[PDB]
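K.L.:
The structure under discussion is supplied below as structure tokens; questions concerning it will follow.
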């Protein structure tokens, strides 16, 4: 009979609500408040510090686009790193690539992983894959200490207010750059084009200081504020990430629900007002 | 201090809210409840029967895509009809085309037009243009009686529950077909791909019974349910509406905020799950 409502100073004057069928789990971890409920129409929902992280109904949009964009552009990715993303959605999509031989994930809050393993089985199933290696720690420290370099890095970031506050600066992007192969790619969750173009501009500024090609793409997802979210795309080659190099025809990919070859590049076709805001950058 | 919340049986278990800065006007017209408020962050907002029709912050997305898609594909449109759309957003975009010589609009609720003329001046300004002719009546009757035929028809429809219930059937689309030139185009507001694919499927079914090319496109707009809304595109030629035939370089179009040449076709690149749902149709 009651409703969950998502408020935040990051999007003042607006809110999105889901009808709660039953509350499944709540706790205060070392790092944040965790809530899991079954919604009446979006299936199960994960909330962190009062911010919706995912729902069963639409998470495939975010996880597919964040993963298959960089992974269909990298020629033969062997070693992939996911920053954040304790829920495992990125990992699930990554395991689909039989040519990947190692997936490292760095998540600061193991509670997120554990909760996901219990309540979101079709999302966290990737954890059962032998290539997957979990590191419970601060992304900044992980990046400073790792000896390996990666073909792809996916910053499945979480909002700038909270634990992911540190994932939104100039020091962080150089660490990413150094952790990548010379032909390596990073994609990062970047805020909605409707809410904070100031943030998007800033992220693109930091990124261009290092990467030779920085592009921005948009994903339609109803349970993120304003119904969409961006992908900050960083490339070491000047070819960038707008055009896939391969088609996903293997039986592993026959279940995809959002991503395909055409909408990969389409996602980079932005509203006129945004294109205008993003140069002289 | 208080909030407007958009509930509906058309999207159960979800709701979108805007913080109200001040309520500007309310009435019960012959046809529906009308509310106009100044929101704290989306500017002024028009509500009909508790459903958000537009806000100043983002209406340009819907009005630009609905208008400039069909109008950049029609070779030399002279006579255009807008069904519904008493707010005048479509009309504003249409007047930008100096080659148009007549714009007919059929709106059943003159209160909508009057309210818009008073509270939404930068949206309803098109009404001051001499080519514009207003008809206060039922779209079905208007379409049955009009002697002229149109190059383009834009069904700026309103949701299936209420006055626009009649704009969602098989009789209505034949009337549209007969009212169009042999090479004429219709575009119609069609529901969100996240909420009702059943409706979208039905609309496409009705349309293909008459039109030789029926395509579907998506618009990102945060203040419609799920943050996007579709355009049902109907063509009499098999060439369809995905590719513009002209660029909007005239000084009339230099102010566009969403539409451009590339995102015209991009908008037709749909999520894999939808493409799959829409055939065997």
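Protein chains in written order, with the authors' numbering: chain A, 2 to 282; chain A', 2 to 282. A prime marks a further copy of an entry chain.
Where is the CB? At the ideal position from N, CA and C, for every residue including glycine.
From this set, A/180, A/265, A/281 and A/259, which residue's C-alpha is nearest residue 276 of chain A''s C-alpha?
P.N.:
As a working mapping, residue 276 of chain A' is identified with position 275 in the second chain. Looking at the Cα atoms, A/259 is the closest of the given residues.
K.L.:
Does any C-beta atom of chain A' lie closer than 8 Å to the C-beta of residue 218 of chain A?
P.N.:
Residue mapping note: residue 218 of chain A aligns to position 217 of the first chain, counting from 1. Cβ-Cβ to chain A' under 8 Å: no for residue 218 of chain A.
K.L.:
Exposed or buried, which one is residue 142 of chain A' when buried takes at least 16 other CB atoms within 10 Å?
P.N.:
By 1-based counting over the second chain, the position of residue 142 of chain A' is 141. When all chains shown are included, residue 142 of chain A' counts as exposed.
K.L.:
Please list the terminal residues of the continuous beta strand (DSSP E) segment that includes residue 28 of chain A.
P.N.:
For this step, residue 28 of chain A is matched to residue 27 along the first chain. Where residue 28 of chain A is concerned, the enclosing beta strand (DSSP E) stretches over 15-29.
K.L.:
Tell me which residue opens and which closes the beta strand (DSSP E) that residue 183 of chain A is part of.
P.N.:
Position 182 of the first chain holds residue 183 of chain A. For residue 183 of chain A, the enclosing beta strand (DSSP E) stretches over residues 181-191.
K.L.:
Which partner residues does residue 82 of chain A' have in the DSSP bridge list?
P.N.:
Counting from one through the second chain, the residue named residue 82 of chain A' turns up at place 81. Partner(s): A'/105 and A'/154.
K.L.:
For a contact defined as C-beta to C-beta under 7 Å, what are the partners of residue 310 of chain A on chain A'?
P.N.:
Because chain A is modelled from 2 through 282, residue 310 of chain A falls outside the range shown and cannot be assessed.
K.L.:
Compare the C-beta of residue 123 of chain A' against all C-beta atoms of chain A and say whether one is closer than 8 Å.
P.N.:
Within the second chain, the letter at position 122 stands for residue 123 of chain A'. Answer no: the Cβ-Cβ gap between residue 123 of chain A' and chain A never drops below 8 Å.
K.L.:
What ranges does the alpha helix (DSSP H) occupy inside the stretch 242-269 of chain A', keeping only unbroken runs of at least 4 residues that lie completely in it?
P.N.:
Considered as a whole, the stretch 242-269 of chain A' harbours 262-267 as its complete alpha helix (DSSP H) runs of no fewer than 4 residues, in chain order.
K.L.:
In angstroms, rounded to a whole number, what distance separates the CA positions of residue 245 of chain A and residue 214 of chain A?
P.N.:
Here residue 245 of chain A is taken as the residue at index 244 of the first chain, counted from 1. Here residue 214 of chain A is taken as the residue at index 213 of the first chain, counted from 1. Their backbone Cα atoms lie some 16 Å apart in a straight line.
K.L.:
Within 10 angstroms of the Cβ of residue 26 of chain A', are there 16 or more other Cβ atoms? Answer buried if so, exposed if not.
P.N.:
Numbered from 1 along the second chain, position 25 holds the residue referred to as residue 26 of chain A'. That one is exposed.
K.L.:
Can you look up residue 228 of chain A in the DSSP assignment and give me helix, strand or coil?
P.N.:
Against the first chain, residue 228 of chain A aligns to sequence position 227. Helix.
K.L.:
How big is the Cα-Cα spacing for residue 38 of chain A' and residue 46 of chain A'?
P.N.:
Against the second chain, residue 38 of chain A' aligns to sequence position 37. Against the second chain, residue 46 of chain A' aligns to sequence position 45. For residue 38 of chain A' and residue 46 of chain A', the distance between alpha carbons rounds to 5 Å.
K.L.:
Once you ignore the five residues that flank residue 97 of chain A' on each side, which residues in its own chain have a CB closer than 7 Å to its CB?
P.N.:
Taking the second chain and counting its residues from 1, the one referred to as residue 97 of chain A' is at position 96. The residues are 253 and 254.
K.L.:
Using a beta-carbon distance below 8 Å, is residue 263 of chain A in contact with chain A'?
P.N.:
Within the first chain, residue 263 of chain A is the residue found at index 262, counting from 1. So, interface residue.
K.L.:
Can you pull the DSSP bridge partners for residue 12 of chain A'?
P.N.:
Counting from 1 along the second chain, the entry for residue 12 of chain A' is found at position 11. According to DSSP, residue 12 of chain A' bridges with nothing at all.
K.L.:
Rounded to the nearest angstrom, what separates residue 182 of chain A and residue 79 of chain A at their Cα positions?
P.N.:
For the purposes of this step, residue 182 of chain A is identified with residue 181 of the first chain, where counting begins at 1. For the purposes of this step, residue 79 of chain A is identified with residue 78 of the first chain, where counting begins at 1. Going from the Cα of residue 182 of chain A to the Cα of residue 79 of chain A covers about 11 Å.
K.L.:
If the criterion is Cβ atoms closer than 8 Å, does the pair residue 233 of chain A' and residue 69 of chain A' meet it?
P.N.:
Locating residue 233 of chain A' in the second chain gives position 232, where the first residue counts as 1. Locating residue 69 of chain A' in the second chain gives position 68, where the first residue counts as 1. Cβ distance not < 8 Å, so residue 233 of chain A' and residue 69 of chain A' don't count as in contact.
K.L.:
In the DSSP assignment, find the unbroken beta strand (DSSP E) run with residue 220 of chain A' in it and report its ends.
P.N.:
Here residue 220 of chain A' corresponds to residue number 219 of the second chain, with the count starting at 1. Note, residue 220 of chain A': beta strand (DSSP E), 214-221.
K.L.:
Quick check: is the beta carbon of residue 15 of chain A' nearer than 8 Å to any beta carbon in chain A?
P.N.:
Residue mapping note: residue 15 of chain A' aligns to position 14 of the second chain, counting from 1. Interface residue, yes.
K.L.:
Using the DSSP secondary-structure output, state which residues sit across from residue 39 of chain A' in a beta bridge.
P.N.:
Within the second chain, the letter at position 38 stands for residue 39 of chain A'. Answer is A'/23 and A'/45.
K.L.:
Which residues, in chain order, does the stretch 208-242 of chain A' contribute to contact with chain A at a C-beta distance below 9 Å?
P.N.:
219, 221, 222, 223, 224, 225, 226, 227, 228 and 229
K.L.:
Report yes or no: is there a C-beta of chain A within less than 8 Å of the C-beta of residue 18 of chain A'?
P.N.:
The residue given as residue 18 of chain A' occupies position 17 in the second chain. With 8 Å as the cut-off, residue 18 of chain A' counts as an interface residue toward chain A.
K.L.:
Going along chain A', which residues have a C-beta under 8 Å from residue 160 of chain A?
P.N.:
Position 159 of the first chain, counted from the start, is the residue given in the question as residue 160 of chain A. For residue 160 of chain A, there are no C-beta contacts with chain A' under 8 Å, since the nearest C-beta of that chain is about 17 Å from it.
K.L.:
Let me know if residue 152 of chain A' comes out buried or exposed under the rule of 16 or more other beta-carbons within 10 Å of its beta-carbon.
P.N.:
The sequence position of residue 152 of chain A' within the second chain is 151, counting from 1. So residue 152 of chain A' ends up on the buried side.
K.L.:
Going along the chain, which residues of the stretch 161-184 of chain A sit with their C-beta nearer than 9 Å to a C-beta in chain A'?
P.N.:
Sequence-ordered contacts of the stretch 161-184 of chain A with chain A' are nonexistent [C-beta pairs closer than 9 Å].
K.L.:
Report yes or no: do the stretch 173-180 of chain A' and the stretch 57-65 of chain A' share at least 3 C-beta pairs separated by less than 8 Å?
P.N.:
The answer is no - the stretch 57-65 of chain A' does not touch the stretch 173-180 of chain A', with fewer than three Cβ pairs under 8 Å.
K.L.:
Are the beta-carbon atoms of residue 223 of chain A and residue 191 of chain A' separated by less than 8 Å?
P.N.:
Residue mapping note: residue 223 of chain A aligns to position 222 of the first chain, counting from 1. Residue mapping note: residue 191 of chain A' aligns to position 190 of the second chain, counting from 1. Not in contact: residue 223 of chain A and residue 191 of chain A' (Cβ atoms no closer than 8 Å).
K.L.:
Using a beta-carbon distance below 8 Å, is residue 59 of chain A in contact with chain A'?
P.N.:
The count along the first chain starts at 1 and reaches residue 59 of chain A at position 58. Taking Cβ atoms only, chain A' reaches closer than 8 Å to residue 59 of chain A, which makes this a yes.
K.L.:
Cα-Cα, which of A'/274, A'/111 and A'/216 is closest to residue 196 of chain A'?
P.N.:
Here residue 196 of chain A' refers to the residue found at position 195 of the second chain. If we check each option's Cα against that of residue 196 of chain A', A'/274 comes out closest.
K.L.:
Closest by CA to residue 216 of chain A, which one among A/282, A/7 and A/95?
P.N.:
Indexing the first chain from 1 puts residue 216 of chain A at position 215. Out of A/282, A/7 and A/95, A/282 has the C-alpha closest to the C-alpha of residue 216 of chain A.
K.L.:
Are the Cβ atoms of residue 107 of chain A' and residue 145 of chain A' separated by less than 8 Å?
P.N.:
Position 106 of the second chain, counting from 1, holds the residue named residue 107 of chain A'. Position 144 of the second chain, counting from 1, holds the residue named residue 145 of chain A'. No, these two residues do not count as a Cβ contact at 8 Å.
K.L.:
Which residues of chain A' have a Cβ atom closer than 7 Å to the Cβ of residue 42 of chain A, listed in chain order?
P.N.:
Within the first chain, the letter at position 41 stands for residue 42 of chain A. Those within 7 Å of residue 42 of chain A in chain A' are 13, 14 and 15.
K.L.:
Counting beta carbon pairs with one atom in the stretch 152-166 of chain A' and one in the stretch 121-136 of chain A', are three or more of them shorter than 8 Å?
P.N.:
no
K.L.:
Measuring alpha carbon to alpha carbon, tell me which residue in A'/243, A'/209, A'/93 and A'/88 is nearest residue 256 of chain A'.
P.N.:
Residue 256 of chain A' sits at position 255 when you count from the first residue of the second chain. Of the listed residues, the one whose Cα sits closest to residue 256 of chain A' is A'/93.
K.L.:
Would you tell me roughly how many angstroms separate the C-alpha atoms of residue 147 of chain A and residue 58 of chain A, rounded to the nearest one?
P.N.:
For the purposes of this step, residue 147 of chain A is identified with residue 146 of the first chain, where counting begins at 1. For the purposes of this step, residue 58 of chain A is identified with residue 57 of the first chain, where counting begins at 1. So the alpha carbons of these two residues sit roughly 35 Å apart.
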